[PDB]
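Fold and geometry: a report
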Amino acid sequence: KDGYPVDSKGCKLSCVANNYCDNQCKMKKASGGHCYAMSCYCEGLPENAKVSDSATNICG
């Protein structure tokens with residue numbers, strides 16, 4: 001499944017470069033890892049991956 005990876009708190013991982021997400025996503029078994037909306041997004045994550053199901057979340 002696709003979505004944005006979150007930290008131990010459940011907040012989307014901010015991304016500043018595509019290469020950064022590419023590697024991260026890959027480690028999470030993802031195929032489309034890139035930086036978008038200032039947030040990392042992987043395509044192909046596991047159905048049990050920890051990501052946010054909303055493009056408009058607020059960590060805090």
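Residues numbered from 1 in each chain as written, not as in the entry; some residues may be left out. Heavy atoms only, no water.

Structure determination for the deposited model, as stated in its record, used solution NMR.

Let us look at the UniProt feature "disulfide bond" in the protein chain. With 2.0 Å between their sulfur atoms, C11 and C59 do form the disulfide that UniProt assigns to them. Here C11, found in the loop between strand 1 (2-5) and helix 1 (18-27), pairs with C59, found in the segment after strand 4 (51-52); they are 48 residues apart in sequence, far enough to count as distant. Using a relative accessible area of 7% as the deciding quantity, one classes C11 as buried. Here the bond UniProt gives for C15 and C35 holds up, since the two sulfurs are only 2.0 Å apart. With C15 in the loop between strand 1 and helix 1 and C35 in strand 2 (residues 34-36), the pair connects residues that are 20 residues apart, well separated along the chain. Like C35, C15 is buried. (Disulfide = S-S within 2.5 Å. UniProt positions renumbered as here; feature names shortened; annotations may be inferred. Helix = DSSP H or I, 4+ residues; strand = E, 2+ residues; numbered from the N terminus. Buried < 20%, exposed > 50% of the residue type's maximum accessible area, 1.4 Å probe, protein only.)

Put plainly, two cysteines are in a disulfide when a covalent bond ties their sulfur atoms together. Tallied over the full model, the rule gives 4 disulfides. Across the disulfide, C15 is cross-linked to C35 (sulfur-sulfur distance 2.0 Å). Disulfide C15 to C35: torsion about the S-S bond roughly 70°, handedness right-handed. Here the disulfide map of the protein chain reads 1-8, 2-5, 3-6, 4-7, the bonded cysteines being numbered as they appear in the sequence.

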